[PDB]
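A quick write-up on the structure given underneath.
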Amino acid sequence: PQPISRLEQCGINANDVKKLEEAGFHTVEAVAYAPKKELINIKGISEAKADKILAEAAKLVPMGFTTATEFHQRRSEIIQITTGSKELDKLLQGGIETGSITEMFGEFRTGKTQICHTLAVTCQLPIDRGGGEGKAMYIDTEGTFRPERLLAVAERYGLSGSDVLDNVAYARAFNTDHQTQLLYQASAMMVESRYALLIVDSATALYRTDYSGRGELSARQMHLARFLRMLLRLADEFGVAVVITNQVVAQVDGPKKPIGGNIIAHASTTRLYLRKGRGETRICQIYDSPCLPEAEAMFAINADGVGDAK
Amino acid sequence: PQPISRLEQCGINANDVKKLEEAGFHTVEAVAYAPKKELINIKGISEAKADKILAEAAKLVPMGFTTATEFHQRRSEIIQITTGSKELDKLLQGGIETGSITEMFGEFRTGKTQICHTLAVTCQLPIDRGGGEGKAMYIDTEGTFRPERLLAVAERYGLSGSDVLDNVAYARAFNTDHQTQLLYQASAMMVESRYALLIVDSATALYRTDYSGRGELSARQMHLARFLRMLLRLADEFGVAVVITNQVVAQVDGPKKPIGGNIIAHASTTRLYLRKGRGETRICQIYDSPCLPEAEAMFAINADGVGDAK
Amino acid sequence: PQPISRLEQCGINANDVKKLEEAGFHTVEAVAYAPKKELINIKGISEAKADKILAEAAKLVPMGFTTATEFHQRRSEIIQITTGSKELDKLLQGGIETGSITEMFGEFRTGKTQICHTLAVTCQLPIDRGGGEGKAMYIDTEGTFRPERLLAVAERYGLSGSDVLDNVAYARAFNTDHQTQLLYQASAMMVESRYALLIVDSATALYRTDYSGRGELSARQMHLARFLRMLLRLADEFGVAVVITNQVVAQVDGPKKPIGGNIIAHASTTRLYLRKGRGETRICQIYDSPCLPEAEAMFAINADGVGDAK
DNA sequence: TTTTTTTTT
Ligand SMILES: Nc1ncnc2c1ncn2[C@@H]1O[C@H](COP(=O)(O)OP(=O)(O)NP(=O)(O)O)[C@@H](O)[C@H]1O
Ligand SMILES: Nc1ncnc2c1ncn2[C@@H]1O[C@H](COP(=O)(O)OP(=O)(O)NP(=O)(O)O)[C@@H](O)[C@H]1O
Ligand SMILES: Nc1ncnc2c1ncn2[C@@H]1O[C@H](COP(=O)(O)OP(=O)(O)NP(=O)(O)O)[C@@H](O)[C@H]1O
Ligand SMILES: O=C(Nc1ccc(Br)cc1)c1ccc(Br)c(S(=O)(=O)NCc2ccccc2)c1
Ligand SMILES: O=C(Nc1ccc(Br)cc1)c1ccc(Br)c(S(=O)(=O)NCc2ccccc2)c1
Ligand SMILES: O=C(Nc1ccc(Br)cc1)c1ccc(Br)c(S(=O)(=O)NCc2ccccc2)c1
Ligand SMILES: [Mg+2]
């Protein structure tokens, strides 16, 4: 990803890119993917500075018709961080892909908050072992972030705890309004240094009670839409894997049906439905993935994170 | 479709047709179907160059009253690419027609992007097998284009993967503004070589979040109208089949009702409502087609694309 | 309707009537109903040739005060083609009258494009069966003309398909500018031979996207006004029935309200609001007719056109 | 004059 200063060398004033920075653009792809009104909304930017900036953004970033063979190549050179459970990796055909959005929902105690802790330490791994050689960042809305589990999985893999903890960045969000500002600050960090995956634990927990619907329902869904649209751009412009978790309602007609509705159902690329088995064993079923066929597999929650039963 | 150079042989200056080209006209039908102000808007074109160009466009393209018998003939010689599921073809009475717009909507996981992957490979087929002997082009707004499925269906039909992948053209759109520029570049390609169908996967996904309505609603609908009007001209002047997909809202009155409103409901010629059955089985119900009576049929999503259950 | 040559026998030069012909006048009523400036606008016509031509036009066409009894007679000898559904005919008190404008609007799939296909074949019928013994002409702006339905209704009534298809004339319009030229060519045909009804399917579909308002709204409405004024003269001077269809917007105040505004609302004589019932059943409600009281009735869309449920 | 959006327990 080319920094936003590379088009400063193409007839753009300095305070212009500086204002784009407070707007939130830090690379040239963030501008090339941006629509016209997103840019015009910046206060102190004309309507012709806009067509110029978009022109050199399109010059520096190819945004036209290619053919399927070149897309097939990149699709083969994606990274797909492993999950730490060999059968889960077989189900996902290699693990959580980079550059897309995954979703994990379930009743409770189903380990959807523990898979995240496992991934946050597995990402720091050489590719010959299933990692991505990049830092993680963790956005929590519940307070359930526990570094004691990262330490256990770090000992499982050999990595030192101090070296896994000069790593995954913690930010606890108190508001649906605060989540988006965290996304801005996260974009800054991800441009200044290399990151492998973002984790939004309970991406929908705060909405359920911030927006007391119905009558507030339409605004809740509109806010979710924008949040997911921002996550999508982060994924597309930084190649990071985005993993979100989701809560569950009880379908009362006379039955889990995760929350969020059609707006999250359409937005998410891959969804994983987690169940409760015997003891530590859990069942993970594939839910809405194009390439992956519908199937399910088993895994366990050990003292070292996601496992196999075991 | 006659190229735009054939009227350059009728008293038109060369830079005139060259400027029509940057305007976007590449055939004589693109000009014959164009209104007067569409042409006057081109900078460097008079108001009399306009009546001239329209005069020889109407000379080269018959645009008057015919009688029903000659329309009945062409209606019988349309192509109607097959879908790859024998019962779906029976429901559609031969498959997706060429020269019109079809629409497929549904909750999620209902295989409306998998039908697109099947069609993108079925189009490259001799007419004695249900194809159209033409390339496809795929416009994606979500990232869900996977050539791994085109490869599977190519093995089902015998065609070689390298020969199905020197084919369907991929372009990922990041903006409602970018979709239209993609349409221009697509018109260029479709005039320079033969194409069979265009696929706009998630034709309405980007609007839902680009235009945060209401107050932006009227502009969103006006942009959709122009996008669909351009698709209609592409279809009419190149005989390609246009297949678009559509998302769904939850009708909250006290219930799917696809998104887009009356502007897409009126514009689309045939609509298909997809449902979720048991396992891989899905149900496809006819929705707003003149000739086709309202009915429904079943089909399955196999490891080789759309099937039959099976 | 007397041809325009009958006043050529009253001291008018031949090239004068020939120029009136390119102007668009083909009968003496087209001139008697024409205002003065309509005629003066013809290039190569003086201002005294005008008062002369108007003088003998008024001599040949009575345009003064009559009394109500003689109007009551013609009102009783109008034709009112049937619709093909006995309850619809009871609602309309005999069907679609000749010499006026009717309007049918609705969301979509409501059969307003199928009633037109039924009428286009019902018009070719002896008066003792509800027809008008005249050809039809169909102006399409969407491409939804299907002779396969005319064939089905022709088999329902006994008439042979080849004899219903040496009949209804098809012309597809691509522009609001092209609609009017089609009207001119239609006037020529209707004077050279007998016609019973004109059908403008989607009379307002092209305006919604040709005129991107507001700022273009006032011009859009002015163009609609002229189009409807020309339809009115066609109806008055040829006794044909004019049936137009109309799309729908969503009334957003906090609700269908067809498009076109006060200009089409005032111009249309009778309006029919179509709804969606169960299965094939639809509901047709009377909307703005002087003589007809407000009421509604049911009908169905069968494999042979408009029906009864059935 | 023009333009629909949004599930929860
Ligand atoms: N240190 C540990 N060693 C072994 N098992 C543990 C440990 N910590 C938690 N568990 C188990 O992990 C299971 C999964 O809990 P958890 O993943 O936190 O719930 P969750 O998936 O986040 N759902 P939610 O309650 O909505 O957050 C629990 O039922 C515990 O029994
Ligand atoms: N390789 C595959 N083999 C078998 N089944 C598959 C395969 N890939 C995807 N599927 C199934 O295809 C189904 C349809 O998913 P998909 O068509 O991608 O959703 P969609 O129609 O595009 N709706 P949306 O989520 O809004 O894009 C999924 O539920 C999967 O179970
Ligand atoms: N051959 C047929 N046999 C039986 N029913 C049919 C047939 N063709 C179409 N229909 C039905 O006719 C209904 C009316 O569709 P149609 O009349 O074309 O829409 P419309 O009134 O023109 N509204 P619009 O979509 O804006 O054009 C559809 O819902 C179909 O189910
Ligand atoms: O994706 C966008 N921005 C963005 C911002 C921060 C990051 Br990190 C990543 C992406 C984006 C796309 C279209 C429009 Br229009 C706009 S907008 O004009 O600014 N309207 C608010 C809004 C915001 C987000 C999504 C939708 C609407 C933004
Ligand atoms: O269909 C049109 N163009 C087009 C362009 C590219 C392709 Br590929 C295919 C078609 C067209 C029709 C009428 C007018 Br008026 C115009 S306009 O003057 O240029 N206004 C903008 C606009 C654009 C599109 C639809 C509506 C309005 C364009
Ligand atoms: O109804 C008219 N003409 C016509 C033309 C073709 C047919 Br078929 C049927 C009727 C007519 C009436 C008054 C005037 Br003033 C004029 S005008 O001078 O020519 N102005 C343009 C215009 C055209 C139409 C309506 C309004 C204005 C025409
Ligand atoms: Mg899809």
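Each chain in the structure tokens gets a letter, A, B, ..., in the order shown, and its residues are numbered from 1; ligands are numbered from 1 in order too.
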Determine which residues of chain C sit within 8 Å of chain D, taking into account only C-alpha atoms (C1' of nucleotides), and present them as a PyMOL selection string. chain C and resi 213-214+217+249-252+260-261
Nearby polymer residues, ligand 4, at most 8 Å, only C-alpha atoms (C1' of nucleotides) and all ligand atoms, as a PyMOL selection string: (chain A and resi 24-25+30+34-39+41+180+183-184+186-187+225-234) or (chain B and resi 175+209-212)
How would you write, as a list in words, the set of residues no farther than 7 Å from ligand 2 when counting only C-alpha atoms (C1' of nucleotides) and all ligand atoms?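 My answer, listing the contacting residues, is residues 265, 266, 269, 287, 288, 289, 290, 291, 292, 293 and 294 of chain A; 107, 108, 109, 110, 111, 112, 113, 114, 149, 247, 301, 302 and 303 of chain B.
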Write the residues of the selection above to a file with N, CA, C and O atoms, as a CSV table (one decimal), in the first residue's frame.
chain,number,residue,atom,x,y,z
A,265,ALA,N,-26.0,-10.1,7.5
A,265,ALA,CA,-26.0,-11.4,6.7
A,265,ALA,C,-25.4,-11.3,5.3
A,265,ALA,O,-24.7,-12.1,4.9
A,266,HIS,N,-25.8,-10.2,4.7
A,266,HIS,CA,-25.2,-9.9,3.3
A,266,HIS,C,-23.8,-9.5,3.4
A,266,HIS,O,-23.0,-9.9,2.5
A,269,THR,N,-18.8,-12.3,4.6
A,269,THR,CA,-18.4,-13.2,3.6
A,269,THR,C,-18.5,-14.7,4.0
A,269,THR,O,-19.1,-15.5,3.3
A,287,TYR,N,-21.4,-21.8,7.4
A,287,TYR,CA,-22.7,-21.0,7.3
A,287,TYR,C,-22.4,-19.9,6.3
A,287,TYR,O,-21.6,-19.0,6.6
A,288,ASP,N,-23.0,-20.0,5.1
A,288,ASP,CA,-22.9,-19.0,4.1
A,288,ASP,C,-21.4,-18.7,3.7
A,288,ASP,O,-20.9,-17.7,4.0
A,289,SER,N,-20.8,-19.7,3.1
A,289,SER,CA,-19.5,-19.4,2.4
A,289,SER,C,-19.6,-19.8,0.9
A,289,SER,O,-20.1,-20.9,0.6
A,290,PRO,N,-19.2,-19.0,-0.1
A,290,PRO,CA,-19.4,-19.4,-1.5
A,290,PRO,C,-18.6,-20.6,-1.8
A,290,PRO,O,-19.2,-21.7,-2.2
A,291,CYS,N,-17.3,-20.6,-1.6
A,291,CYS,CA,-16.4,-21.6,-2.1
A,291,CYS,C,-16.5,-22.9,-1.2
A,291,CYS,O,-16.4,-24.0,-1.7
A,292,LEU,N,-16.6,-22.7,0.1
A,292,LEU,CA,-16.6,-23.8,1.0
A,292,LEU,C,-18.0,-24.5,1.0
A,292,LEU,O,-19.0,-23.8,1.1
A,293,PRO,N,-18.1,-25.8,0.8
A,293,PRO,CA,-19.4,-26.5,0.9
A,293,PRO,C,-19.8,-26.5,2.4
A,293,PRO,O,-19.0,-26.4,3.3
A,294,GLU,N,-21.1,-26.7,2.6
A,294,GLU,CA,-21.7,-26.8,3.9
A,294,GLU,C,-21.3,-28.1,4.6
A,294,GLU,O,-21.6,-29.2,4.1
B,107,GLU,N,-32.6,-13.9,0.7
B,107,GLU,CA,-32.0,-13.5,2.0
B,107,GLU,C,-30.5,-13.5,2.0
B,107,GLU,O,-29.9,-12.5,2.1
B,108,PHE,N,-29.9,-14.7,1.9
B,108,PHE,CA,-28.5,-14.9,1.8
B,108,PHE,C,-28.3,-16.4,1.7
B,108,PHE,O,-29.3,-17.2,1.9
B,109,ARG,N,-27.1,-16.9,1.3
B,109,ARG,CA,-26.8,-18.3,1.1
B,109,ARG,C,-27.8,-19.0,0.1
B,109,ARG,O,-27.7,-20.2,0.0
B,110,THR,N,-28.6,-18.2,-0.6
B,110,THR,CA,-29.6,-18.8,-1.4
B,110,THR,C,-29.1,-19.1,-2.9
B,110,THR,O,-29.9,-19.3,-3.8
B,111,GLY,N,-27.8,-19.0,-3.1
B,111,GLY,CA,-27.2,-19.3,-4.3
B,111,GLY,C,-27.4,-18.4,-5.5
B,111,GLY,O,-27.1,-18.7,-6.6
B,112,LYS,N,-27.8,-17.1,-5.2
B,112,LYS,CA,-27.9,-16.1,-6.2
B,112,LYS,C,-26.5,-15.7,-6.8
B,112,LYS,O,-26.5,-15.1,-7.9
B,113,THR,N,-25.4,-15.9,-6.0
B,113,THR,CA,-24.1,-15.6,-6.7
B,113,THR,C,-23.6,-16.9,-7.3
B,113,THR,O,-22.6,-16.8,-8.1
B,114,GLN,N,-24.1,-18.0,-6.9
B,114,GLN,CA,-23.6,-19.2,-7.5
B,114,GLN,C,-24.2,-19.5,-8.9
B,114,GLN,O,-23.6,-20.1,-9.7
B,149,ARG,N,-14.9,-22.1,-8.7
B,149,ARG,CA,-16.2,-22.7,-9.1
B,149,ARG,C,-16.4,-22.7,-10.6
B,149,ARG,O,-17.0,-23.7,-11.1
B,247,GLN,N,-30.3,-7.5,-3.0
B,247,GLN,CA,-30.4,-7.8,-1.6
B,247,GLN,C,-31.8,-7.7,-1.1
B,247,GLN,O,-32.7,-7.4,-1.9
B,301,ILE,N,-27.4,-26.9,-5.1
B,301,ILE,CA,-26.1,-26.3,-5.2
B,301,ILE,C,-25.1,-27.4,-5.0
B,301,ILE,O,-24.8,-27.8,-3.8
B,302,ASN,N,-24.5,-28.0,-6.0
B,302,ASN,CA,-23.6,-29.1,-5.9
B,302,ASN,C,-22.2,-28.7,-5.9
B,302,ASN,O,-21.9,-27.4,-5.8
B,303,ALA,N,-21.2,-29.6,-6.0
B,303,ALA,CA,-19.8,-29.2,-6.1
B,303,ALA,C,-19.5,-28.8,-7.5
B,303,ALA,O,-18.3,-28.4,-7.8
Close residues, residue 102 (chain A) itself excluded, 9 Å, only C-alpha atoms (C1' of nucleotides), min 3 positions apart in chain, as a list in words: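 Contacts, with the query itself left out: residues 96, 97, 241, 242, 243, 244, 245, 268, 269, 270, 271 and 272 of chain A.
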When distances are computed from only C-alpha atoms and all ligand atoms, which of B:137, B:14, B:152, B:222 shows the smallest separation from ligand 5?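 Smallest separation from ligand 5 among the options: B:222.
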Produce a table with one row for each residue of chain A that has an atom at most 6 Å from any atom of chain B, each row naming the nearest atom pair and its distance in Å at one decimal; use only C-alpha atoms; arrange rows by chain and rising residue number; format as a tab-separated table.
residue	atom	partner	partner_atom	distance
A:33	CA	B:174	CA	5.7
A:35	CA	B:175	CA	6.0
A:65	CA	B:171	CA	4.8
A:66	CA	B:170	CA	5.5
A:67	CA	B:169	CA	4.4
A:68	CA	B:165	CA	5.4
A:69	CA	B:165	CA	5.7
A:288	CA	B:109	CA	5.0
Can I get the selected residues back with N, CA, C and O atoms, as a PDB file, in the first residue's frame?
ATOM      1  N   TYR A  33     -10.297   4.327  -3.733  1.00  0.00           N
ATOM      2  CA  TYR A  33     -11.553   3.651  -3.440  1.00  0.00           C
ATOM      3  C   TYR A  33     -12.615   4.609  -2.925  1.00  0.00           C
ATOM      4  O   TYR A  33     -13.781   4.220  -2.811  1.00  0.00           O
ATOM      5  N   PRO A  35     -15.382   7.513  -2.838  1.00  0.00           N
ATOM      6  CA  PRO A  35     -16.236   8.218  -3.795  1.00  0.00           C
ATOM      7  C   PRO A  35     -15.983   9.715  -3.765  1.00  0.00           C
ATOM      8  O   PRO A  35     -15.191  10.204  -2.957  1.00  0.00           O
ATOM      9  N   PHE A  65     -10.855  -3.177 -15.979  1.00  0.00           N
ATOM     10  CA  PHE A  65     -11.200  -4.558 -16.280  1.00  0.00           C
ATOM     11  C   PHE A  65      -9.941  -5.394 -16.465  1.00  0.00           C
ATOM     12  O   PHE A  65      -9.133  -5.122 -17.357  1.00  0.00           O
ATOM     13  N   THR A  66      -9.773  -6.405 -15.626  1.00  0.00           N
ATOM     14  CA  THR A  66      -8.777  -7.435 -15.858  1.00  0.00           C
ATOM     15  C   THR A  66      -9.474  -8.708 -16.324  1.00  0.00           C
ATOM     16  O   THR A  66     -10.679  -8.722 -16.598  1.00  0.00           O
ATOM     17  N   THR A  67      -8.718  -9.793 -16.418  1.00  0.00           N
ATOM     18  CA  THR A  67      -9.252 -11.084 -16.810  1.00  0.00           C
ATOM     19  C   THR A  67      -9.002 -12.099 -15.701  1.00  0.00           C
ATOM     20  O   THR A  67      -8.177 -11.875 -14.811  1.00  0.00           O
ATOM     21  N   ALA A  68      -9.737 -13.212 -15.757  1.00  0.00           N
ATOM     22  CA  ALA A  68      -9.878 -14.074 -14.587  1.00  0.00           C
ATOM     23  C   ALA A  68      -8.553 -14.706 -14.177  1.00  0.00           C
ATOM     24  O   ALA A  68      -8.345 -15.013 -12.997  1.00  0.00           O
ATOM     25  N   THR A  69      -7.649 -14.919 -15.137  1.00  0.00           N
ATOM     26  CA  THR A  69      -6.402 -15.604 -14.822  1.00  0.00           C
ATOM     27  C   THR A  69      -5.559 -14.857 -13.796  1.00  0.00           C
ATOM     28  O   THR A  69      -5.035 -15.496 -12.879  1.00  0.00           O
ATOM     29  N   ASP A 288     -23.010 -20.028   5.116  1.00  0.00           N
ATOM     30  CA  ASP A 288     -22.862 -18.986   4.103  1.00  0.00           C
ATOM     31  C   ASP A 288     -21.411 -18.729   3.711  1.00  0.00           C
ATOM     32  O   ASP A 288     -20.855 -17.677   4.042  1.00  0.00           O
TER      33      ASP A 288
END
Report the residues of region 87-175 of chain B whose backbone DSSP state falls under strand (DSSP E), written as a list in words.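 Selection result, strand (DSSP E) within region 87-175 of chain B: residues 101, 102, 103, 104, 105, 135, 136, 137, 138, 139, 140, 169, 170, 171 and 172 of chain B.
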Closest of C:92, C:23, C:104, C:32 to ligand 6 - atom-to-atom distances counting only C-alpha atoms and all ligand atoms: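 That would be C:23, the residue with the smallest distance to ligand 6.
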In Å, rounded to a single decimal, give me how far CA of residue 195 (chain B) is from CA of residue 224 (chain B).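 The value is 24.0 Å.
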Extract the full set of alpha helix (DSSP H) residues from region 163-280 of chain C according to DSSP on the backbone, and format it as a PyMOL selection string. chain C and resi 163-165+176-192+205-210+217-238+262-267
